[PDB]
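Listed next as C-alpha coordinates is one chain, alone, in the form deposited in one PDB entry.
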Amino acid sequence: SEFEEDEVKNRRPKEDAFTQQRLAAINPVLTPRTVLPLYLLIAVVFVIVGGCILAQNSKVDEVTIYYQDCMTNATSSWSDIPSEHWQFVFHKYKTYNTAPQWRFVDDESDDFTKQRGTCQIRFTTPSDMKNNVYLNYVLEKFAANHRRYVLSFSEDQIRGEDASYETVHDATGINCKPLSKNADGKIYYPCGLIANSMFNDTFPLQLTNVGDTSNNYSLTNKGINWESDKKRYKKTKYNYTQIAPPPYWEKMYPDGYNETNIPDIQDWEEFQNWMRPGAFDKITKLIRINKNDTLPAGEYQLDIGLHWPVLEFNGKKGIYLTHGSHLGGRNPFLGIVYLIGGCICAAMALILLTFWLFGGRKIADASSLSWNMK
(Lines give C-alpha, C1' and ligand atoms only; values in the text may rest on other atoms or scores of the structure.)
Protein backbone atom coordinates (compact mmCIF):
# COMPACT_ATOMS: atom_id res chain seq x y z
CA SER A 1 0.00 0.00 0.00
CA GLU A 2 1.92 3.01 1.32
CA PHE A 3 5.21 1.18 0.82
CA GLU A 4 4.22 0.32 -2.75
CA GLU A 5 3.34 3.95 -3.42
CA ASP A 6 6.68 5.08 -2.02
CA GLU A 7 8.49 2.55 -4.22
CA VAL A 8 6.56 3.78 -7.25
CA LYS A 9 7.52 7.38 -6.47
CA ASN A 10 31.34 21.49 -16.05
CA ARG A 11 33.63 23.08 -13.45
CA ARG A 12 36.98 22.66 -15.16
CA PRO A 13 39.04 25.81 -14.53
CA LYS A 14 39.98 27.90 -17.50
CA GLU A 15 43.33 26.84 -18.87
CA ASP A 16 45.26 30.02 -19.50
CA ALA A 17 48.79 31.25 -18.91
CA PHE A 18 47.48 33.63 -16.27
CA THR A 19 45.19 31.38 -14.26
CA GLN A 20 47.68 28.51 -14.43
CA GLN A 21 50.49 30.79 -13.21
CA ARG A 22 52.59 30.19 -16.32
CA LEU A 23 53.26 33.75 -17.47
CA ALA A 24 56.27 34.52 -19.65
CA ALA A 25 59.14 35.48 -17.40
CA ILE A 26 62.88 35.58 -16.92
CA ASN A 27 64.40 34.05 -13.83
CA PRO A 28 67.54 36.06 -13.10
CA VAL A 29 70.23 34.06 -11.31
CA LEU A 30 73.07 36.35 -10.29
CA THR A 31 76.53 34.91 -10.90
CA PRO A 32 79.87 36.73 -10.62
CA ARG A 33 80.34 37.01 -14.38
CA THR A 34 77.14 39.04 -14.64
CA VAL A 35 77.36 41.00 -11.39
CA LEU A 36 81.00 42.11 -11.44
CA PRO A 37 80.67 43.86 -14.84
CA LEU A 38 77.64 45.72 -13.49
CA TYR A 39 79.64 46.83 -10.46
CA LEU A 40 82.44 48.08 -12.70
CA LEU A 41 80.03 49.81 -15.08
CA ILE A 42 78.45 51.72 -12.20
CA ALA A 43 81.82 52.45 -10.61
CA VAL A 44 83.52 53.70 -13.76
CA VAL A 45 80.84 56.12 -14.69
CA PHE A 46 79.71 57.30 -11.30
CA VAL A 47 83.36 58.32 -11.19
CA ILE A 48 83.10 60.02 -14.59
CA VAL A 49 80.07 61.94 -13.33
CA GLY A 50 81.52 62.78 -9.94
CA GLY A 51 84.69 64.12 -11.50
CA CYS A 52 82.77 66.23 -14.00
CA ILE A 53 80.48 67.54 -11.25
CA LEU A 54 83.42 68.44 -9.01
CA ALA A 55 85.20 70.09 -11.91
CA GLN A 56 82.20 72.23 -12.82
CA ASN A 57 81.64 72.98 -9.14
CA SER A 58 85.13 74.36 -8.62
CA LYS A 59 84.35 77.02 -11.23
CA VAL A 60 81.60 78.50 -9.05
CA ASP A 61 82.75 81.76 -7.47
CA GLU A 62 80.66 83.48 -4.82
CA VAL A 63 80.55 86.33 -2.32
CA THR A 64 78.85 86.09 1.07
CA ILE A 65 78.69 88.93 3.60
CA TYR A 66 76.71 88.91 6.84
CA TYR A 67 75.80 92.51 7.70
CA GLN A 68 73.62 91.92 10.75
CA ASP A 69 76.19 93.62 12.98
CA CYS A 70 76.43 96.79 10.88
CA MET A 71 74.61 99.16 13.22
CA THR A 72 77.00 98.57 16.08
CA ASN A 73 80.28 97.28 14.65
CA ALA A 74 80.46 99.49 11.59
CA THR A 75 81.34 103.15 12.00
CA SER A 76 80.68 106.30 10.01
CA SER A 77 84.05 105.81 8.32
CA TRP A 78 85.05 103.00 5.98
CA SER A 79 86.28 100.02 7.98
CA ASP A 80 87.15 96.43 7.17
CA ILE A 81 84.48 93.84 7.89
CA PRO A 82 85.61 91.34 10.54
CA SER A 83 86.67 88.04 9.03
CA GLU A 84 83.81 86.12 10.63
CA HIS A 85 81.24 87.89 8.49
CA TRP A 86 82.41 87.33 4.93
CA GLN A 87 83.46 84.44 2.73
CA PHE A 88 84.83 84.92 -0.77
CA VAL A 89 85.36 82.05 -3.18
CA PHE A 90 87.16 82.84 -6.42
CA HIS A 91 88.78 79.89 -8.12
CA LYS A 92 91.32 81.78 -10.20
CA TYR A 93 92.36 83.52 -6.95
CA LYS A 94 92.40 81.15 -3.99
CA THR A 95 94.38 83.50 -1.75
CA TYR A 96 92.19 86.63 -1.86
CA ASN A 97 91.80 87.93 1.74
CA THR A 98 91.29 91.57 0.65
CA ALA A 99 88.58 92.05 3.28
CA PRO A 100 85.46 94.01 2.33
CA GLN A 101 84.59 97.27 4.05
CA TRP A 102 81.40 98.57 5.60
CA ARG A 103 80.04 101.86 6.83
CA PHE A 104 77.01 102.69 8.94
CA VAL A 105 75.01 105.79 8.04
CA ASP A 106 72.55 106.38 10.87
CA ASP A 107 69.03 107.75 10.41
CA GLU A 108 67.86 109.63 13.48
CA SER A 109 64.60 110.50 11.71
CA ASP A 110 63.57 106.85 12.08
CA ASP A 111 62.37 105.92 15.56
CA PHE A 112 62.80 102.15 15.15
CA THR A 113 66.01 102.12 17.16
CA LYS A 114 66.47 98.37 16.63
CA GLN A 115 67.13 98.57 12.90
CA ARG A 116 67.69 101.91 11.18
CA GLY A 117 70.09 103.65 8.84
CA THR A 118 72.01 102.17 5.95
CA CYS A 119 74.78 99.58 5.78
CA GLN A 120 77.09 100.40 2.90
CA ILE A 121 79.24 97.42 1.93
CA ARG A 122 82.22 97.68 -0.39
CA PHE A 123 83.61 94.49 -1.86
CA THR A 124 86.21 93.85 -4.54
CA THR A 125 85.78 90.95 -6.94
CA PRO A 126 88.95 89.89 -8.80
CA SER A 127 87.04 87.94 -11.46
CA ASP A 128 84.01 88.57 -13.62
CA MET A 129 80.65 87.03 -12.82
CA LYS A 130 78.78 85.69 -15.83
CA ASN A 131 75.86 87.46 -17.43
CA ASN A 132 73.34 86.04 -14.99
CA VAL A 133 74.18 87.42 -11.58
CA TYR A 134 72.05 86.65 -8.55
CA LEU A 135 72.00 88.74 -5.42
CA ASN A 136 70.28 86.66 -2.77
CA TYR A 137 69.82 87.45 0.87
CA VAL A 138 70.55 84.85 3.51
CA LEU A 139 68.85 84.56 6.88
CA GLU A 140 70.28 82.43 9.67
CA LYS A 141 68.32 81.19 12.68
CA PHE A 142 64.97 82.56 11.54
CA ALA A 143 62.56 79.65 11.77
CA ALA A 144 60.12 79.72 8.89
CA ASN A 145 59.29 76.03 9.29
CA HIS A 146 57.29 75.77 12.48
CA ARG A 147 53.87 74.21 12.62
CA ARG A 148 51.63 77.21 13.19
CA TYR A 149 53.79 79.66 11.24
CA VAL A 150 53.89 77.62 8.08
CA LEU A 151 50.10 77.35 7.71
CA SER A 152 49.38 80.98 8.49
CA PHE A 153 48.03 82.62 5.35
CA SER A 154 44.86 82.73 3.31
CA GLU A 155 44.84 81.00 -0.05
CA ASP A 156 41.66 82.90 -0.86
CA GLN A 157 43.54 86.15 -0.38
CA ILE A 158 46.52 84.93 -2.40
CA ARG A 159 44.15 84.03 -5.22
CA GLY A 160 42.83 87.57 -5.42
CA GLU A 161 39.55 87.06 -3.60
CA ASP A 162 38.06 89.58 -1.24
CA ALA A 163 37.74 86.77 1.29
CA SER A 164 35.31 87.16 4.18
CA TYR A 165 36.48 87.21 7.76
CA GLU A 166 35.17 83.68 8.24
CA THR A 167 36.74 82.48 4.99
CA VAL A 168 40.04 83.88 6.20
CA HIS A 169 39.87 82.86 9.84
CA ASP A 170 37.96 79.58 9.97
CA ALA A 171 39.22 77.74 6.90
CA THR A 172 40.17 74.08 7.29
CA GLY A 173 43.88 73.34 7.41
CA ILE A 174 45.57 76.56 6.38
CA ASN A 175 44.11 79.81 7.74
CA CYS A 176 45.64 83.00 9.09
CA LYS A 177 44.70 82.24 12.65
CA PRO A 178 46.47 84.61 15.07
CA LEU A 179 46.53 87.44 12.50
CA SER A 180 43.20 87.58 10.68
CA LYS A 181 41.65 90.80 11.98
CA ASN A 182 42.75 93.89 13.85
CA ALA A 183 41.28 95.45 16.98
CA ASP A 184 39.13 97.75 14.86
CA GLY A 185 37.61 94.90 12.87
CA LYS A 186 39.23 95.20 9.43
CA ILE A 187 40.74 92.11 7.84
CA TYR A 188 44.50 92.15 7.49
CA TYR A 189 44.98 91.98 3.75
CA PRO A 190 48.00 89.72 3.69
CA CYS A 191 46.87 87.88 6.78
CA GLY A 192 48.86 85.37 8.74
CA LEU A 193 52.27 85.16 10.30
CA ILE A 194 54.09 84.50 7.03
CA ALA A 195 53.11 87.76 5.35
CA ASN A 196 53.44 89.77 8.55
CA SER A 197 57.06 88.82 9.07
CA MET A 198 58.21 89.63 5.58
CA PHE A 199 61.90 90.43 5.29
CA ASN A 200 62.20 94.16 5.24
CA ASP A 201 65.66 95.35 4.32
CA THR A 202 65.72 97.52 1.22
CA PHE A 203 68.20 96.47 -1.40
CA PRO A 204 69.40 98.82 -4.14
CA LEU A 205 68.63 98.65 -7.83
CA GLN A 206 72.34 98.80 -8.67
CA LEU A 207 75.86 98.00 -7.55
CA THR A 208 77.79 101.25 -7.38
CA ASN A 209 81.09 100.98 -9.24
CA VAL A 210 83.41 102.66 -6.77
CA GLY A 211 86.17 103.07 -9.34
CA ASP A 212 84.16 104.38 -12.30
CA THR A 213 80.70 105.70 -11.47
CA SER A 214 80.14 106.21 -15.19
CA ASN A 215 79.28 102.50 -15.37
CA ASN A 216 77.29 101.18 -12.41
CA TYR A 217 76.07 97.60 -12.37
CA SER A 218 72.28 97.42 -12.49
CA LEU A 219 70.01 95.00 -10.66
CA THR A 220 66.29 94.24 -10.97
CA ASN A 221 63.52 92.95 -8.79
CA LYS A 222 61.78 91.62 -11.90
CA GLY A 223 62.39 88.01 -12.78
CA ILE A 224 63.45 87.11 -9.26
CA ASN A 225 60.59 84.62 -9.05
CA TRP A 226 59.03 82.01 -11.28
CA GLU A 227 56.69 83.54 -13.81
CA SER A 228 54.07 80.81 -13.44
CA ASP A 229 53.62 82.14 -9.91
CA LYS A 230 51.65 85.00 -11.46
CA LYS A 231 48.98 82.41 -12.19
CA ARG A 232 48.52 81.77 -8.49
CA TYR A 233 49.01 85.28 -7.10
CA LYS A 234 46.34 87.75 -8.15
CA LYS A 235 45.77 91.41 -7.50
CA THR A 236 43.25 91.73 -4.70
CA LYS A 237 39.60 92.69 -5.03
CA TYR A 238 39.31 94.24 -1.57
CA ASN A 239 38.08 97.80 -1.20
CA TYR A 240 40.64 99.48 1.13
CA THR A 241 37.80 99.91 3.61
CA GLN A 242 37.61 96.22 4.39
CA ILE A 243 41.34 95.60 4.85
CA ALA A 244 44.21 96.88 7.00
CA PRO A 245 47.96 96.25 6.73
CA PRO A 246 49.48 93.49 8.85
CA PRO A 247 50.71 94.58 12.29
CA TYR A 248 54.37 94.70 11.24
CA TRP A 249 53.65 96.46 7.94
CA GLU A 250 52.46 99.60 9.69
CA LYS A 251 55.71 101.51 9.32
CA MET A 252 55.27 100.90 5.59
CA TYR A 253 51.61 102.00 5.71
CA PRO A 254 51.27 104.48 8.58
CA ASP A 255 47.83 105.66 7.52
CA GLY A 256 46.60 102.22 6.48
CA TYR A 257 45.51 101.16 3.05
CA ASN A 258 43.73 103.69 0.91
CA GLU A 259 42.67 104.08 -2.71
CA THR A 260 46.08 103.92 -4.38
CA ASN A 261 48.46 102.22 -1.97
CA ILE A 262 47.14 98.66 -1.71
CA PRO A 263 49.99 96.29 -2.65
CA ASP A 264 49.73 94.29 -5.85
CA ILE A 265 50.97 90.91 -4.69
CA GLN A 266 50.97 89.63 -8.26
CA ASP A 267 53.64 92.11 -9.34
CA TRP A 268 55.51 91.91 -6.02
CA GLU A 269 57.94 89.06 -6.51
CA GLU A 270 59.64 89.74 -3.19
CA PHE A 271 56.34 89.01 -1.49
CA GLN A 272 55.89 85.84 -3.54
CA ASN A 273 59.45 84.84 -2.66
CA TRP A 274 58.79 85.36 1.03
CA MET A 275 55.48 83.52 0.93
CA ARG A 276 57.40 80.37 0.09
CA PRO A 277 58.83 79.57 3.53
CA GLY A 278 62.20 77.90 3.72
CA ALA A 279 62.23 74.27 4.71
CA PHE A 280 65.35 74.64 6.82
CA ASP A 281 67.00 77.02 9.23
CA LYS A 282 69.11 78.83 6.64
CA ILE A 283 66.96 80.82 4.23
CA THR A 284 68.21 82.09 0.88
CA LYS A 285 65.89 84.15 -1.30
CA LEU A 286 66.66 85.88 -4.57
CA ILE A 287 66.18 89.61 -4.31
CA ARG A 288 68.13 91.09 -7.21
CA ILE A 289 69.14 89.74 -10.60
CA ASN A 290 70.99 90.88 -13.68
CA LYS A 291 70.46 88.75 -16.76
CA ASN A 292 72.14 91.08 -19.26
CA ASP A 293 75.63 92.10 -18.23
CA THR A 294 78.74 90.48 -16.83
CA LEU A 295 79.84 91.88 -13.49
CA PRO A 296 83.43 92.83 -14.32
CA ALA A 297 86.25 92.65 -11.84
CA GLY A 298 86.29 95.72 -9.66
CA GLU A 299 85.10 97.27 -6.43
CA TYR A 300 81.38 97.64 -5.87
CA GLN A 301 79.18 99.16 -3.19
CA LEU A 302 75.86 97.85 -1.90
CA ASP A 303 73.71 100.11 0.26
CA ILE A 304 71.18 98.17 2.33
CA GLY A 305 68.51 100.00 4.28
CA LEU A 306 68.12 98.15 7.57
CA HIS A 307 64.54 97.53 8.68
CA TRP A 308 64.43 93.86 9.71
CA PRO A 309 65.64 92.88 13.18
CA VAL A 310 67.63 89.67 13.70
CA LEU A 311 69.85 90.32 16.72
CA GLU A 312 66.97 89.63 19.11
CA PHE A 313 67.25 85.91 18.38
CA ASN A 314 70.98 85.92 17.59
CA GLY A 315 70.15 85.64 13.93
CA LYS A 316 72.13 86.61 10.90
CA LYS A 317 71.28 88.35 7.67
CA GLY A 318 73.60 88.57 4.72
CA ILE A 319 73.99 88.91 0.99
CA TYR A 320 75.03 86.08 -1.31
CA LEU A 321 76.24 87.09 -4.77
CA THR A 322 76.67 84.30 -7.30
CA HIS A 323 76.36 83.30 -10.88
CA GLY A 324 75.69 79.70 -9.99
CA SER A 325 75.83 76.33 -11.66
CA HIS A 326 73.39 74.06 -13.39
CA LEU A 327 73.28 72.20 -10.10
CA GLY A 328 72.59 75.38 -8.16
CA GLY A 329 75.07 77.21 -5.99
CA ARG A 330 78.49 76.00 -4.95
CA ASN A 331 78.06 72.78 -3.02
CA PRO A 332 80.61 69.97 -3.33
CA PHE A 333 78.26 67.28 -2.00
CA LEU A 334 77.02 65.84 -5.28
CA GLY A 335 80.50 65.35 -6.70
CA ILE A 336 81.95 63.96 -3.48
CA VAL A 337 79.07 61.52 -3.21
CA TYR A 338 79.23 60.41 -6.84
CA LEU A 339 82.95 59.73 -6.40
CA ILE A 340 82.33 57.89 -3.13
CA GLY A 341 79.66 55.78 -4.81
CA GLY A 342 81.89 54.90 -7.74
CA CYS A 343 84.76 53.99 -5.43
CA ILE A 344 82.53 51.86 -3.21
CA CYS A 345 81.20 50.01 -6.25
CA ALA A 346 84.73 49.38 -7.51
CA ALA A 347 85.87 48.27 -4.06
CA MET A 348 83.01 45.79 -3.76
CA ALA A 349 83.72 44.48 -7.24
CA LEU A 350 87.38 43.95 -6.34
CA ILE A 351 86.58 42.42 -2.95
CA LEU A 352 84.08 39.97 -4.42
CA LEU A 353 86.46 39.09 -7.25
CA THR A 354 89.19 38.44 -4.69
CA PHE A 355 86.90 36.27 -2.57
CA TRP A 356 85.85 34.48 -5.74
CA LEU A 357 89.31 33.72 -7.11
CA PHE A 358 90.18 32.04 -3.80
CA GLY A 359 86.94 30.68 -2.22
CA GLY A 360 84.85 30.48 -5.38
CA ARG A 361 82.55 27.46 -5.60
CA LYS A 362 81.11 25.56 -8.56
CA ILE A 363 77.82 26.95 -9.84
CA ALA A 364 75.34 24.22 -10.80
CA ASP A 365 76.35 21.72 -8.14
CA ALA A 366 73.68 19.31 -6.97
CA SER A 367 76.32 18.15 -4.50
CA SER A 368 76.29 21.44 -2.59
CA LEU A 369 72.58 21.04 -1.87
CA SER A 370 71.80 20.85 1.84
CA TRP A 371 70.46 17.30 1.61
CA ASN A 372 73.25 15.90 -0.54
CA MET A 373 75.75 17.16 2.00
CA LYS A 374 73.55 15.97 4.87
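The term rigid core refers to the most C-alpha atoms you can superpose between the two forms while keeping them within 1.5 Å. Shifts are known only where both forms have a C-alpha. Start at 1 with the first residue shown and count on from there.
Unmodelled deposited residues between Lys9 and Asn10: 4 to 9, per the record.
Same protein, other form: the form deposited in another entry, not shown, and the subject of what follows.
Here the two forms are overlaid on the core, and between the shown form and the other one the C-alpha of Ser109 is the only one among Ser109, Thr113, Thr172, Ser77 to shift by 2 Å or more. The Cα position of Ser228 differs by less than 2 Å between the shown form and the other one after fitting on the rigid core. In the core-superposed comparison between the shown form and the other one, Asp267 has its Cα shifted by less than 2 Å. A displacement of 2 angstroms or greater separates the C-alpha positions of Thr213 between the shown form and the other one, with the rigid core held in common. Core-superposed comparison between the shown form and the other one places the runs of three or more consecutive residues whose CA atoms all shift by 2 angstroms or more at 107 to 111, 212 to 214, 364 to 371, listed in sequence order.
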